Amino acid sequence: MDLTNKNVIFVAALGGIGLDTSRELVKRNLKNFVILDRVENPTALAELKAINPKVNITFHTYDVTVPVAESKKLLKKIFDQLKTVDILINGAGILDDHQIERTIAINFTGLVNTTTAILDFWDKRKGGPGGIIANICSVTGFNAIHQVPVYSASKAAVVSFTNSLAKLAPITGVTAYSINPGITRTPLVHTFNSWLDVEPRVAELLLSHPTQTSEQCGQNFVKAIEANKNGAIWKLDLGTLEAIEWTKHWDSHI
């Protein structure tokens, strides 16, 4: 993908990884960059507009825990205004294993529902043009942080979901790939709760080992978007970009 003149919707663009990815995206001279996030951040919007005044940058309030019909209503209006959308990035996430239901609703159900909603406008069986989805999953979906077992399991679910979307691209017209950061210094990881307080020091201990910056992550995230490889499982860890090979433990044969 050459991002020049493209239209991109980015759910959760203004978080730590989001905003550094967004800084890199607007340098690629998008036509329209539509930010969907829970709370508006006028500082960040001003920063992005200063980086590239040529991009049309818009903001809509969006909480991924709303019902799928509410996501369809919002996406219908964005598609109507823009005519076309090239790429959807699903980035919402929380890390707090004291909040079991909300972790699962935001990190897994919400991503599935935004995806299900945008297929109304993209699915080629409904007359749409197809499209591309980039899901921010996590390396914890391969191998957990077992002190946050619910968070990690929510990310294993969206790694799997994204693998399946890619295999459904011949039917829907919608390709997909996962973006799986390793530990990245953002507000998500500095303080957080472990399940049943199994490890009250989990953030301290985790951040005693090598990390990358959100700037590093964001640079590799835009490289992975430019590679545009349906079914890729991208690892963005310690400043590098690598594709991993999914192990074939079982085959449905269908």
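One rule holds for the numbers: they count along the sequence shown, beginning at 1. Note that the rigid core is defined as the largest set of C-alphas that superpose within 1.5 Å between two forms.
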C-alpha RMS from this form in 5 other deposited structures of this protein, rigid core superposed: larger for 211-219 or 188-196? 188-196
Fit on the core, then compare CA atoms: does 179-187 or 107-115 lie farther from this form in 5 other deposited structures of this protein? 179-187
Between the two ranges 174-182 and 120-128, the one averaging a larger CA B factor in the entry: 120-128
Identify the stretch, either 24-32 or 47-55, whose C-alpha atoms have the larger mean B-factor according to the entry. 47-55
Take the CA temperature factors straight from the PDB entry and tell me which of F192, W195, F221, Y62 peaks. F192
Third of the chain's Cα B-factor distribution that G231 belongs to, per the entry: lowest
Going by the entry, which third of its chain does the Cα temperature factor of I9 land in? lowest
Could you say whether, by C-alpha temperature factor, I225 belongs to the lowest, middle or highest third of its chain? lowest
